[PDB]
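With mmCIF, C-alpha atoms inside, this is start-v5.cif:
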```
data_input
loop_
_atom_site.group_PDB
_atom_site.id
_atom_site.type_symbol
_atom_site.label_atom_id
_atom_site.label_comp_id
_atom_site.auth_asym_id
_atom_site.auth_seq_id
_atom_site.Cartn_x
_atom_site.Cartn_y
_atom_site.Cartn_z
ATOM 1 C CA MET A 1 46.180 -30.571 4.886
ATOM 2 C CA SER A 2 44.869 -34.117 4.464
ATOM 3 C CA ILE A 3 45.589 -37.059 6.766
ATOM 4 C CA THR A 4 48.958 -38.687 6.152
ATOM 5 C CA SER A 5 50.176 -42.289 6.211
ATOM 6 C CA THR A 6 51.827 -44.217 9.091
ATOM 7 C CA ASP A 7 54.709 -41.714 8.738
ATOM 8 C CA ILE A 8 52.501 -39.572 11.005
ATOM 9 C CA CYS A 9 53.982 -41.597 13.890
ATOM 10 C CA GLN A 10 57.514 -40.604 12.896
ATOM 11 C CA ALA A 11 56.595 -36.937 12.526
ATOM 12 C CA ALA A 12 56.050 -36.902 16.302
ATOM 13 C CA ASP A 13 59.834 -37.090 16.656
ATOM 14 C CA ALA A 14 60.261 -33.891 14.640
ATOM 15 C CA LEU A 15 59.018 -31.851 17.597
ATOM 16 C CA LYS A 16 61.981 -30.364 19.450
ATOM 17 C CA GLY A 17 62.423 -28.324 22.599
ATOM 18 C CA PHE A 18 62.380 -28.590 26.374
ATOM 19 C CA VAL A 19 59.196 -27.428 28.051
ATOM 20 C CA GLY A 20 59.271 -26.293 31.670
ATOM 21 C CA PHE A 21 57.029 -24.468 34.124
ATOM 22 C CA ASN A 22 58.468 -21.085 35.056
ATOM 23 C CA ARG A 23 57.366 -19.507 38.341
ATOM 24 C CA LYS A 24 58.112 -16.036 36.986
ATOM 25 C CA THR A 25 55.104 -15.882 34.672
ATOM 26 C CA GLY A 26 53.464 -18.992 36.072
ATOM 27 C CA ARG A 27 53.115 -20.897 32.813
ATOM 28 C CA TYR A 28 54.469 -23.905 30.947
ATOM 29 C CA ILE A 29 57.015 -22.519 28.484
ATOM 30 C CA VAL A 30 59.418 -24.087 25.994
ATOM 31 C CA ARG A 31 63.150 -23.395 26.004
ATOM 32 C CA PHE A 32 66.138 -24.938 24.229
ATOM 33 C CA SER A 33 68.534 -24.562 27.135
ATOM 34 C CA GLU A 34 68.052 -26.853 30.135
ATOM 35 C CA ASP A 35 70.736 -24.838 31.919
ATOM 36 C CA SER A 36 68.578 -21.709 31.852
ATOM 37 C CA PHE A 37 66.573 -22.669 34.932
ATOM 38 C CA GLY A 38 68.010 -22.865 38.422
ATOM 39 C CA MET A 39 65.944 -23.315 41.569
ATOM 40 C CA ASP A 40 62.954 -21.428 40.166
ATOM 41 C CA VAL A 41 61.895 -24.451 38.126
ATOM 42 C CA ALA A 42 61.605 -28.097 39.133
ATOM 43 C CA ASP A 43 63.830 -30.132 36.817
ATOM 44 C CA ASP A 44 61.215 -32.898 36.861
ATOM 45 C CA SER A 45 58.849 -30.467 35.148
ATOM 46 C CA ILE A 46 61.336 -29.927 32.325
ATOM 47 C CA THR A 47 60.664 -32.415 29.551
ATOM 48 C CA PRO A 48 61.533 -32.628 25.831
ATOM 49 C CA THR A 49 58.292 -32.100 23.900
ATOM 50 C CA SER A 50 59.488 -34.926 21.636
ATOM 51 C CA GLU A 51 58.628 -37.478 24.322
ATOM 52 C CA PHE A 52 56.155 -35.273 26.195
ATOM 53 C CA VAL A 53 53.397 -36.253 23.768
ATOM 54 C CA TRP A 54 53.934 -39.922 24.605
ATOM 55 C CA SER A 55 52.033 -41.282 27.584
ATOM 56 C CA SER A 56 53.302 -44.661 28.757
ATOM 57 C CA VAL A 57 50.395 -46.786 29.958
ATOM 58 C CA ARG A 58 52.565 -49.883 30.237
ATOM 59 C CA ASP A 59 56.339 -50.281 30.531
ATOM 60 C CA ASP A 60 57.254 -50.108 26.848
ATOM 61 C CA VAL A 61 53.779 -49.267 25.553
ATOM 62 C CA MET A 62 53.224 -45.554 24.988
ATOM 63 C CA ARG A 63 50.061 -43.877 23.715
ATOM 64 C CA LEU A 64 50.153 -40.594 21.816
ATOM 65 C CA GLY A 65 48.126 -38.032 23.707
ATOM 66 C CA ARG A 66 47.233 -35.444 21.097
ATOM 67 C CA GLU A 67 45.818 -33.234 23.866
ATOM 68 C CA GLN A 68 49.476 -32.515 24.687
ATOM 69 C CA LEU A 69 49.549 -30.491 21.467
ATOM 70 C CA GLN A 70 47.133 -28.035 23.087
ATOM 71 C CA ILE A 71 49.880 -27.229 25.585
ATOM 72 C CA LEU A 72 52.074 -26.422 22.596
ATOM 73 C CA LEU A 73 49.137 -24.452 21.205
ATOM 74 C CA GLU A 74 49.525 -22.261 24.293
ATOM 75 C CA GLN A 75 53.005 -21.414 23.007
ATOM 76 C CA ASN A 76 51.598 -20.834 19.497
ATOM 77 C CA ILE A 77 55.043 -21.386 17.968
ATOM 78 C CA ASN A 78 54.599 -24.154 15.399
ATOM 79 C CA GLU A 79 57.859 -23.613 13.524
ATOM 80 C CA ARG A 80 59.874 -23.133 16.704
ATOM 81 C CA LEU A 81 58.827 -26.508 18.100
ATOM 82 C CA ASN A 82 58.768 -27.902 14.556
ATOM 83 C CA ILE A 83 55.312 -29.472 14.629
ATOM 84 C CA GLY A 84 54.996 -31.772 11.646
ATOM 85 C CA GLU A 85 52.133 -31.417 9.190
ATOM 86 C CA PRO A 86 50.910 -34.986 10.038
ATOM 87 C CA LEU A 87 50.762 -33.610 13.583
ATOM 88 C CA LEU A 88 48.698 -30.605 12.503
ATOM 89 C CA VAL A 89 46.136 -32.887 10.879
ATOM 90 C CA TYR A 90 46.309 -35.340 13.809
ATOM 91 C CA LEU A 91 44.946 -32.537 15.982
ATOM 92 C CA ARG A 92 41.774 -32.871 13.906
ATOM 93 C CA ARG A 93 41.504 -36.425 12.551
ATOM 94 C CA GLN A 94 43.763 -39.460 12.306
ATOM 95 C CA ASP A 95 44.811 -42.532 10.347
ATOM 96 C CA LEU A 96 45.828 -44.382 13.477
ATOM 97 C CA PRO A 97 43.190 -43.508 16.145
ATOM 98 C CA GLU A 98 45.846 -43.329 18.816
ATOM 99 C CA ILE A 99 49.482 -43.544 17.826
ATOM 100 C CA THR A 100 50.783 -46.430 19.883
ATOM 101 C CA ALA A 101 54.435 -47.340 20.226
ATOM 102 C CA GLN A 102 55.595 -50.469 22.003
ATOM 103 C CA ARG A 103 58.780 -52.501 21.794
ATOM 104 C CA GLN A 104 59.313 -56.003 23.128
ATOM 105 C CA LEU A 105 62.278 -58.367 23.147
ATOM 106 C CA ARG A 106 60.515 -61.540 24.215
#
```

Whole structure given in structure tokens:
Amino acid sequence: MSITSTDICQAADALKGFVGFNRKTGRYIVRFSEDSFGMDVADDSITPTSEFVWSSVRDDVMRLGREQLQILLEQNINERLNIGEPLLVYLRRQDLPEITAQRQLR
């Protein structure tokens, strides 16, 4: 339960599932079938939680918003989404203050 190494950044990829806002219960829920929702859910609101935690502030520069994890906390299913242990600790403290990912080809 201690803070991990840079691998913490990679553990953010371990999270799996497609989260979407259902108008039936009126909440943001996670499913594994994108085909499950018809016209009751906006497809733009359906996003893989893997990339949902990444907030692009530039083109190729994304910042990890750990507050996104609180939305997963609403679901309360840690094993279902597969939240890494580095992610569990990241909710509290961090090695990298904000996990930043950027790729350039210049």

Discussion item. Here's the selection I'm unsure about, the PyMOL selection byres ((chain A and resi 6) around 10); applied to the file above, which residues does it give, as number ranges by chain?
Written reply: A: 3-5, 7-11, 86, 94-96, 99

Discussion item. Going by the chain IDs and residue numbers used in this file, which residues fall under the PyMOL selection byres ((chain A and resi 70) around 12)? Write them as a ChimeraX atom specification.
Written reply: /A:28,49,52-53,65-69,71-78,83,87-88,90-92

Find the axis-aligned box for region 27-43 of chain A, covering all its listed atoms and adding 5 Å on each side, and write its centre and edge lengths in Å to one decimal as JSON.
```
{"center_x": 61.9, "center_y": -25.5, "center_z": 32.9, "size_x": 27.6, "size_y": 19.2, "size_z": 27.3}
```

Practice prompt. Would you list the residues near (59.8, -19.4, 37.0) (no more than 7 Å away, in the coordinates of the file, using only C-alpha atoms) as a list in words?
Written response: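 The answer, in the requested form, is residues 21, 22, 23, 24, 25, 26, 40 and 41 of chain A.
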
Fill in: Residue nearest residue 17 (chain A) - candidates A:79, A:98, A:85, A:59, atoms counted: all atoms listed in the file
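Closest to residue 17 (chain A), using all atoms listed in the file: A:79.
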
Item to complete: In the coordinates of the file, take the point (58.7, -28.2, 27.9) and a cut-off of 6 Å; then, counting all atoms listed in the file, name each qualifying protein, DNA or RNA residue as a list in words.
Response: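 Here the neighbourhood of the point contains residues 18, 19, 20, 29, 30, 46, 47, 48 and 49 of chain A.
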
Practice prompt. Evaluate the PyMOL selection byres ((chain A and resi 100) around 8) and record the selected residues as a PyMOL selection string, following the chain and residue labels used in the document.
Written response: chain A and resi 61-64+98-99+101-102

C-alpha atoms of the current selection, written as a PDB file, in the coordinates of the input:
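What follows is the written file result32.pdb:
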```pdb
ATOM      1  CA  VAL A  61      53.779 -49.267  25.553  1.00  0.00           C
ATOM      2  CA  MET A  62      53.224 -45.554  24.988  1.00  0.00           C
ATOM      3  CA  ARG A  63      50.061 -43.877  23.715  1.00  0.00           C
ATOM      4  CA  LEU A  64      50.153 -40.594  21.816  1.00  0.00           C
ATOM      5  CA  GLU A  98      45.846 -43.329  18.816  1.00  0.00           C
ATOM      6  CA  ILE A  99      49.482 -43.544  17.826  1.00  0.00           C
ATOM      7  CA  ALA A 101      54.435 -47.340  20.226  1.00  0.00           C
ATOM      8  CA  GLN A 102      55.595 -50.469  22.003  1.00  0.00           C
TER       9      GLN A 102
END
```

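Atom to atom, CA of residue 2 (chain A) and CA of residue 89 (chain A) stand 6.7 Å apart.
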
Have region 1-21 of chain A completed to N, CA, C and O atoms, please, and pass it along as a compact mmCIF listing (two decimals), in the frame of the given file.
```
# COMPACT_ATOMS: atom_id res chain seq x y z
N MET A 1 46.92 -30.64 3.60
CA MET A 1 46.18 -30.57 4.89
C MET A 1 45.31 -31.81 5.08
O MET A 1 44.40 -31.82 5.91
N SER A 2 45.59 -32.86 4.33
CA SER A 2 44.87 -34.12 4.46
C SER A 2 45.63 -35.06 5.39
O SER A 2 46.80 -34.82 5.70
N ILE A 3 44.97 -36.12 5.84
CA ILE A 3 45.59 -37.06 6.77
C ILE A 3 46.68 -37.86 6.06
O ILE A 3 46.50 -38.31 4.93
N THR A 4 47.81 -38.03 6.73
CA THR A 4 48.96 -38.69 6.15
C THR A 4 48.98 -40.18 6.47
O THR A 4 48.09 -40.69 7.15
N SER A 5 50.00 -40.86 5.98
CA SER A 5 50.18 -42.29 6.21
C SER A 5 50.82 -42.54 7.58
O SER A 5 50.96 -41.62 8.39
N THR A 6 51.21 -43.80 7.82
CA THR A 6 51.83 -44.22 9.09
C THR A 6 53.01 -43.32 9.49
O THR A 6 53.35 -43.22 10.67
N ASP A 7 53.62 -42.67 8.50
CA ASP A 7 54.71 -41.71 8.74
C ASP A 7 54.32 -40.66 9.78
O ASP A 7 55.19 -40.02 10.37
N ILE A 8 53.02 -40.48 9.98
CA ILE A 8 52.50 -39.57 11.00
C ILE A 8 53.11 -39.88 12.38
O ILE A 8 53.36 -38.98 13.18
N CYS A 9 53.38 -41.16 12.63
CA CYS A 9 53.98 -41.60 13.89
C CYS A 9 55.41 -41.06 14.02
O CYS A 9 55.83 -40.65 15.10
N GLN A 10 56.12 -41.04 12.91
CA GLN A 10 57.51 -40.60 12.90
C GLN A 10 57.61 -39.09 13.04
O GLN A 10 58.55 -38.57 13.65
N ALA A 11 56.63 -38.39 12.49
CA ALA A 11 56.60 -36.94 12.53
C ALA A 11 56.50 -36.41 13.96
O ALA A 11 56.75 -35.23 14.21
N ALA A 12 56.14 -37.28 14.90
CA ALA A 12 56.05 -36.90 16.30
C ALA A 12 57.44 -36.72 16.90
O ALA A 12 57.60 -36.12 17.97
N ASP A 13 58.45 -37.22 16.21
CA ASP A 13 59.83 -37.09 16.66
C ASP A 13 60.41 -35.75 16.21
O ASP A 13 61.39 -35.26 16.78
N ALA A 14 59.78 -35.15 15.21
CA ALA A 14 60.26 -33.89 14.64
C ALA A 14 60.16 -32.75 15.65
O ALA A 14 60.94 -31.80 15.60
N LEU A 15 59.20 -32.86 16.56
CA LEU A 15 59.02 -31.85 17.60
C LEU A 15 60.26 -31.77 18.48
O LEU A 15 60.74 -32.79 18.97
N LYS A 16 60.77 -30.57 18.67
CA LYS A 16 61.98 -30.36 19.45
C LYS A 16 61.81 -29.23 20.45
O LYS A 16 61.07 -28.28 20.20
N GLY A 17 62.47 -29.36 21.59
CA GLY A 17 62.42 -28.32 22.60
C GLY A 17 62.15 -28.89 23.98
O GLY A 17 61.55 -29.96 24.11
N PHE A 18 62.58 -28.16 25.00
CA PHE A 18 62.38 -28.59 26.37
C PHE A 18 61.37 -27.67 27.04
O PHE A 18 61.61 -26.48 27.19
N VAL A 19 60.25 -28.23 27.45
CA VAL A 19 59.20 -27.43 28.05
C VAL A 19 59.27 -27.51 29.58
O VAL A 19 59.44 -28.59 30.14
N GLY A 20 59.18 -26.36 30.22
CA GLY A 20 59.27 -26.29 31.67
C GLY A 20 58.38 -25.21 32.25
O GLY A 20 58.10 -24.21 31.59
N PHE A 21 57.93 -25.41 33.48
CA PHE A 21 57.03 -24.47 34.12
C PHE A 21 57.82 -23.41 34.88
O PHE A 21 58.50 -23.71 35.86
```
